[PDB]
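Peer 1: To start, I am sharing the structure in question, which I have written as structure tokens.
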Amino acid sequence: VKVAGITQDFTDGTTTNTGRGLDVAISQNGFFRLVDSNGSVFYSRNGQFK
Amino acid sequence: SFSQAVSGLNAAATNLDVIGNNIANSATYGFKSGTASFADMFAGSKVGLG
Amino acid sequence: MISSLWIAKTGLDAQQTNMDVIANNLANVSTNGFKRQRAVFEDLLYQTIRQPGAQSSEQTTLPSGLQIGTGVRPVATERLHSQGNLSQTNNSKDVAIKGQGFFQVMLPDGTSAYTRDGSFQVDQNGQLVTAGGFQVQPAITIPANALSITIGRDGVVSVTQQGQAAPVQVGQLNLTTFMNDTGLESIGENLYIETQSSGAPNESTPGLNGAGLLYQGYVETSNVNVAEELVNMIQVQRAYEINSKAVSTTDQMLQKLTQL
């Protein structure tokens with residue numbers, strides 16, 4: 001048997017309110033886009049911002 | 001007289017190979033287990049060939 | 001000075017060659033992309049004291065003649081081009097070929113050899129070479145600042161650059177197939193070259209015209225079955241001992257004849 005590669009489940013998690021205002025959550029399809037100092041483009045769904 | 005014993009050795013090795021393949025290919029979703037079948041050989045009569 | 005002595009000498013030599021091929025097969029059992037060797041013999045000529053079916057009289061014939069053998073001669077030690085087990089290494093610069101074909105390699109003298117072992121590296125200039133400094137014939141060059149190298153199911157190889165959001169194709173790995181795969185003469189470092197025995201190679205992309213497929217991250221191990229080499233060795237040892245016994249018997253009868 002050979003591993004065909006791990007696949008990730010994109011099912012949305014539970015939306016939990018933990019106070020504060022500088023935080024966003026996505027309940028459906030959508031990926032936040034980020035750019036690093038070197039200029040590359042990355043995609044993440046984390047809601048922590050500062 | 002090594003012919004019969006060698007043939008039996010190869011048959012046992014093949015059976016172990018099939019068993020090992022079945023046990024190793026566990027958890028594979030689209031898998032159906034295998035099974036080896038054997039058959040004797042005779043030249044005429046009273047003359048075994050493994 | 002006795003025909004039996006020469007016959008037994010030929011038998012001893014045949015068993016010695018068989019033992020040699022067994023030893024070589026057992027030696028490189030872990031060599032990647034190694035094909036085992038099998039030796040095949042034949043009987044030598046025959047001395048006909050009485051011709052079979054000779055007209056012994058006007059209406060009767062000999063049902064069987066009188067013929068004496070002259071020993072055994074090894075025909076050839078061919079190489080069995082079976083399919084080796086595909087291991088897994090999770091590397092980026094080694095490919096396993098499943099099916100038929102060979103990678104072409106540009107020898108330093110100028111000609112080209114053919115290999116079955118896929119373990120590629122990069123030389124100082126950046127071009128893809130095999131383990132041993134020999135470069136592939138299409139001369140695939142890997143550019144600097146390469147984030148990753150991918151090789152598809154077919155021969156196309158691409159490299160992901162730092163940016164551009166898209167991989168860029170860098171070349172293709174076409175492999176060559178022969179007609180008489182067992183007719184290629186083998187030289188060192190897992191290389192083969194063609195002779196009169198094998199036809200002119202025809203190159204093609206993997207997956208077409210009977211060619212194999214390329215899997216990245218795997219490697220083809222040798223098709224040496226260590227389980228049966230031992231029993232073959234046992235049989236070879238017994239046969240060699242019996243031939244030596246025949247030599248000893250001939251010597252004994254000669255000695256007890258010359259004592260007169």
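Following the order of the structure tokens, chains are lettered A, B, ..., residues in each are numbered from 1, and ligands are numbered from 1.
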Within 12 Å of chain A, which residues of chain B are there when counting only C-alpha atoms? Please give them as a list in words.
Peer 2: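 Every residue of chain B that passes the 12 Å test is in residues 20, 21, 22, 23, 24, 25, 26, 27, 28, 29 and 31 of chain B.
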Peer 1: Please find the residues of chain A near chain C - the criterion being any atom within 9 Å, counting only C-alpha atoms - and write them as a ChimeraX atom specification.
Peer 2: /A:2,39-41
Peer 1: For the selection you just gave me, I'd like the residues written to a file as a CSV table (one decimal), in the first residue's frame, keeping C-alpha atoms.
Peer 2:
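The file below, again_27.csv, is the result:
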```
chain,number,residue,atom,x,y,z
A,2,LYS,CA,1.2,3.5,-0.9
A,39,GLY,CA,5.8,40.1,-1.2
A,40,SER,CA,4.4,36.6,-1.4
A,41,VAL,CA,0.7,36.0,-1.2
```
Peer 1: Identify all chain C residues at most 9 Å from chain B by counting only C-alpha atoms; ligands do not count. Present them as a PDB file with C-alpha atoms, in the first residue's frame.
Peer 2:
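The resulting file, iface-v6.pdb, is reproduced below:
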```
ATOM      1  CA  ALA C 227      14.416 -17.185  -0.926  1.00  0.00           C
ATOM      2  CA  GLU C 228      15.233 -19.395  -3.933  1.00  0.00           C
ATOM      3  CA  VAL C 231      18.043 -23.736  -2.659  1.00  0.00           C
ATOM      4  CA  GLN C 235      21.599 -27.915  -5.767  1.00  0.00           C
TER       5      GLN C 235
END
```
Peer 1: For range 19-29 of chain C, list every protein, DNA or RNA residue within 8 Å, evaluated using only C-alpha atoms, and leave out those in the same chain fewer than 4 positions away; present the list as an mmCIF file with N, CA, C and O atoms, in the first residue's frame.
Peer 2:
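out_2.cif, freshly written:
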```
data_model
loop_
_atom_site.group_PDB
_atom_site.id
_atom_site.type_symbol
_atom_site.label_atom_id
_atom_site.label_comp_id
_atom_site.auth_asym_id
_atom_site.auth_seq_id
_atom_site.Cartn_x
_atom_site.Cartn_y
_atom_site.Cartn_z
ATOM 1 N N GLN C 15 29.063 -26.006 -13.682
ATOM 2 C CA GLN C 15 28.582 -25.761 -12.328
ATOM 3 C C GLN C 15 29.287 -24.565 -11.698
ATOM 4 O O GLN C 15 28.680 -23.819 -10.922
ATOM 5 N N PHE C 34 18.320 -3.360 -10.409
ATOM 6 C CA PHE C 34 19.208 -4.433 -10.832
ATOM 7 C C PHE C 34 18.379 -5.629 -11.273
ATOM 8 O O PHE C 34 17.448 -6.036 -10.572
ATOM 9 N N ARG C 36 18.324 -9.631 -12.233
ATOM 10 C CA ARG C 36 19.075 -10.840 -11.943
ATOM 11 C C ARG C 36 19.520 -11.521 -13.235
ATOM 12 O O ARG C 36 19.020 -11.241 -14.327
ATOM 13 N N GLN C 37 20.473 -12.436 -13.096
ATOM 14 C CA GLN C 37 21.023 -13.175 -14.220
ATOM 15 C C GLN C 37 20.635 -14.641 -14.123
ATOM 16 O O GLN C 37 20.588 -15.211 -13.029
ATOM 17 N N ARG C 38 20.351 -15.244 -15.273
ATOM 18 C CA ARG C 38 20.070 -16.669 -15.366
ATOM 19 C C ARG C 38 20.976 -17.276 -16.423
ATOM 20 O O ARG C 38 21.079 -16.748 -17.534
ATOM 21 N N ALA C 39 21.622 -18.385 -16.080
ATOM 22 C CA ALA C 39 22.532 -19.073 -16.985
ATOM 23 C C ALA C 39 21.832 -20.277 -17.598
ATOM 24 O O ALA C 39 21.190 -21.056 -16.888
ATOM 25 N N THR C 77 24.489 -16.393 -20.272
ATOM 26 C CA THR C 77 24.015 -15.876 -18.993
ATOM 27 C C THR C 77 23.217 -14.614 -19.301
ATOM 28 O O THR C 77 23.763 -13.512 -19.358
ATOM 29 N N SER C 222 15.868 -4.146 -6.786
ATOM 30 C CA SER C 222 16.265 -5.286 -7.594
ATOM 31 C C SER C 222 15.259 -6.420 -7.459
ATOM 32 O O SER C 222 14.679 -6.642 -6.394
ATOM 33 N N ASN C 223 15.057 -7.140 -8.555
ATOM 34 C CA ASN C 223 14.136 -8.274 -8.576
ATOM 35 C C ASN C 223 14.877 -9.573 -8.271
ATOM 36 O O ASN C 223 14.802 -10.555 -9.005
ATOM 37 N N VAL C 224 15.600 -9.574 -7.159
ATOM 38 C CA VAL C 224 16.330 -10.750 -6.708
ATOM 39 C C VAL C 224 15.555 -11.388 -5.569
ATOM 40 O O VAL C 224 15.314 -10.751 -4.537
ATOM 41 N N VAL C 226 15.743 -13.706 -2.768
ATOM 42 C CA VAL C 226 16.755 -14.352 -1.939
ATOM 43 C C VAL C 226 16.270 -15.705 -1.436
ATOM 44 O O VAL C 226 17.075 -16.549 -1.024
ATOM 45 N N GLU C 229 17.466 -18.399 -4.113
ATOM 46 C CA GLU C 229 18.899 -18.464 -4.368
ATOM 47 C C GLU C 229 19.569 -19.482 -3.459
ATOM 48 O O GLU C 229 20.522 -20.155 -3.865
ATOM 49 N N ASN C 232 18.876 -22.975 -4.837
ATOM 50 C CA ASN C 232 19.693 -23.127 -6.035
ATOM 51 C C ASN C 232 21.150 -23.372 -5.671
ATOM 52 O O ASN C 232 21.829 -24.190 -6.301
ATOM 53 N N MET C 233 21.645 -22.672 -4.648
ATOM 54 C CA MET C 233 23.011 -22.880 -4.188
ATOM 55 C C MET C 233 23.209 -24.299 -3.676
ATOM 56 O O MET C 233 24.248 -24.920 -3.925
ATOM 57 N N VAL C 236 23.433 -26.583 -6.673
ATOM 58 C CA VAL C 236 24.709 -26.389 -7.356
ATOM 59 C C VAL C 236 25.831 -27.079 -6.595
ATOM 60 O O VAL C 236 26.695 -27.733 -7.191
#
```
Peer 1: Can you tell me how far CA of residue 37 in chain B sits from CA of residue 234 in chain C, in Å to one decimal?
Peer 2: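 Computing the Euclidean distance for CA of residue 37 in chain B and CA of residue 234 in chain C yields 28.8 Å.
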Peer 1: Enter the distance from CA of residue 112 in chain C to CA of residue 189 in chain C, in Å, rounded to one decimal.
Peer 2: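 Interatomic distance, CA of residue 112 in chain C to CA of residue 189 in chain C: 13.6 Å.
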Peer 1: Can you list every residue in chain B that DSSP puts in helix (DSSP H, G or I), as a VMD selection string?
Peer 2: chain B and resid 2 to 24
Peer 1: Which neighbours of residue 25 in chain A fall inside 12 Å, counting only C-alpha atoms, when residues of the same chain fewer than 2 positions from it are skipped, and could you give them as a list in words?
Peer 2: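 What passes the distance filter is residues 12, 13, 14, 15, 16, 17, 18, 21, 22, 23, 27, 28, 29, 30, 31, 32, 44, 45, 46, 47, 48 and 49 of chain A.
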Peer 1: Using DSSP on the backbone, list every residue of chain A that comes out as strand (DSSP E or B), and give them as JSON, numbers by chain.
Peer 2: {"A": [23, 32, 33, 34, 35, 41, 42, 43, 44, 48]}
Peer 1: Write out the residues from the selection above, keeping C-alpha atoms, as a short mmCIF file (atom, residue, chain, number, x, y, z; two decimals), in the first residue's frame.
Peer 2:
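Now in out_27.cif:
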```cif
data_model
loop_
_atom_site.label_atom_id
_atom_site.label_comp_id
_atom_site.auth_asym_id
_atom_site.auth_seq_id
_atom_site.Cartn_x
_atom_site.Cartn_y
_atom_site.Cartn_z
CA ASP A 23 -11.55 39.70 15.12
CA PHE A 32 -8.49 35.79 3.92
CA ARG A 33 -5.56 36.89 1.78
CA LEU A 34 -2.29 38.02 3.36
CA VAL A 35 0.94 39.43 1.97
CA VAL A 41 0.69 35.96 -1.18
CA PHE A 42 -0.73 33.49 1.35
CA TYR A 43 -4.27 32.37 2.19
CA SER A 44 -5.63 31.70 5.67
CA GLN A 48 -6.80 36.95 14.80
#
```
